[PDB]
């Protein structure tokens, strides 16, 4: 045993399940909002020898040693972050977060004291749990256990941010930080609006560029670097490895400076994390060079044009859509007026198009909508003529659930309907086969084999 044997011959049991997943990602049209298909160039760096380097430290201030190469890869991800997200090196960025969720908790540990107060878009309102979600029976997110805070909702019959129930709940809550983060929100954030709301309440505003990372970088969608520190994930829209970073402003705000400088750096290490995943830091810096290319500018223009083409086709098929339309990479289809809901995701799962339940902007265990994300298959060189091609397959998939829902009542029986009916089982097996035949016809980033 040497340690350089092939995965196919060292452990064929895992090689089995590795390329069975590569099959399913090519066999199916992944329309999950948070999902993307990383490039081979970044996937090669993700599984590189940089995993064998413990670099607990910082540029010039490392507690270890021998981090010669890792230092310049360290700063290059920073330089590429300042170049993919313009502005004078006036701005600083930290690239050590293990993912997007640790990036949000890090900024809280950096700027907020324990049990300090936050404002955040509720998870059933277009956010993730990192934004501060307590349930009415239990505290769910650690951002809600270590920091007390209250949800920030949007207009339930308009789909845009409710700035009336915002300044109201703000003056009555006086938090130290609010979040303008998006997980399921189809339009644009008014940055200048909430910035002065944050000084009326004396709060810092933080967003999540998780679903718009590449949209802001290619100047296709507006950026916060004149109206906001704000954190983001590496993947989803930037088409990279699983990591995260935190964008903080540096310099003056003698004049008063900006305090968002070394406390964020101190929060990710040595406060919350330890060894930087240097293989991920380099993998994403390859995708950070991807973000400075003209192809990425055209790819990003493709994802919005495709998200609007997906919407306009979804619009004509008889679907109501919260928000009114779309101005991002995502769709928030409202299926309740069409007799469908979010949970009855299982039907399209056995057809091999992966979606997710989404909180209905205004309903009452069963959600009422679902969330589709364009950039996943748009990375497969999809087009708008192929983006109304998707819609007929979603329209066909809805009709299978719409008919079995009329033949049942329970949903423990609705999902068992697709298993024992042996007639809908004929209809699903045939439906996925053409979805598999269609999905396999487009290129797929990454390795041909794994």
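Just so we're on the same page, rigid core means the largest C-alpha set that superposes within 1.5 Å between forms. Numbering follows the first chain given and starts at 1.
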Subject >> Greater root mean square CA deviation, 292-300 compared with 165-173 in 6 other deposited structures of this protein, core aligned >> reply: 165-173
**OP:** Output the stretch, either 70-78 or 206-214, that has more C-alpha displacement from this form in 6 other deposited structures of this protein following superposition by the rigid core.
**Re:** 206-214
Original post:
For residue 190, do at least a third of the other compared PDB entries give no atomic coordinates?
Top reply: no
Original post:
Counting the other entries of this protein, is residue 255 left out in at least a third of them?
Top reply: yes
**OP:** For the stretch from residue 253 to residue 254, please bin the deposited residues that the model skips: none, 1 to 3, 4 to 9, or 10 or more.
**Re:** 4 to 9
Original post:
Between residue 236 and residue 237, how many deposited residues lack coordinates (none, 1 to 3, 4 to 9, 10 or more)?
Top reply: none
Original post:
Between 98-106 and 213-221, which has the higher average C-alpha B-factor in the PDB entry?
Top reply: 213-221
Subject >> Which of 415-423 and 40-48 has higher mean CA B factor, as the PDB entry lists it >> reply: 415-423
Original post:
Which has the highest CA B-factor per the PDB entry: 127, 324, 274, 89?
Top reply: 324
Subject >> Residue of maximum C-alpha B factor among 62, 53, 389, 27, per deposited coordinates >> reply: 389
**OP:** Quick one: classify residue 265 as lowest, middle or highest third of the chain based on its Cα B-factor.
**Re:** lowest
Subject >> residue 22, C-alpha B-factor rank within chain (lowest, middle or highest third) >> reply: middle
Original post:
With respect to C-alpha B-factor, does residue 190 fall in the lowest, middle or highest third of the chain as deposited?
Top reply: highest
**OP:** State the tercile, meaning the lowest, middle or highest third, of residue 247 with respect to the CA B-factors recorded for its chain.
**Re:** lowest
Subject >> Third assignment of residue 344 from its chain's C-alpha B-factors >> reply: middle
